[PDB]
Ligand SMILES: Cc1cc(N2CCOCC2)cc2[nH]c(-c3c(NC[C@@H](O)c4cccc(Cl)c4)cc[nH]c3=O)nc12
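Here's a solo chain for you in structure tokens, the form solved without the named molecule.
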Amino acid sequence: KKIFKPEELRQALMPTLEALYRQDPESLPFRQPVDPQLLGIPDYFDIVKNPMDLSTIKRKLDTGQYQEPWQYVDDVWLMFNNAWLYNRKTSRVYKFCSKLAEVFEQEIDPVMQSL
């Protein structure tokens, strides 16, 4: 089975994550873990079983937690799908998620081809 070294995943994939981070205004609510008490959404973990955010994905890259590039892509999509599930379609977070998904698609395609 092909092994992907953690530094090699990090070098290839981190620019795609940085592209999301730098999207302002749309990345802002995704830059840190959801804090249900602080955001006034105490039902969040009942609806979203597996929370995910940009900083957690960065930490996983930094600490070698992905064996396969598709596992990173899965976490980015988990983050998106959580937002499209929890929020209504009129909301900022929903529409900001849609923008991030558009940006990500463009960034990730050449990278995954190359891997």
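One-based numbering along the sequence shown.
FYI, the form solved in complex with the named molecule isn't displayed, but the following is about it.
The named molecule in the deposited bound form comes within 4.5 Å of no heavy atom belonging to residue 65.
Though the partner is left out of this view, residue 108 does reach within 4.5 Å of the named molecule in the deposited bound form, counting heavy atoms only. Shown alone here, residue 112 lies within 4.5 Å of the named molecule in the deposited bound form, counting heavy atoms only. Looking at 81-97, the residues that come within 4.5 Å of the named molecule in the deposited bound form, counting any heavy atom, are 81, 84.
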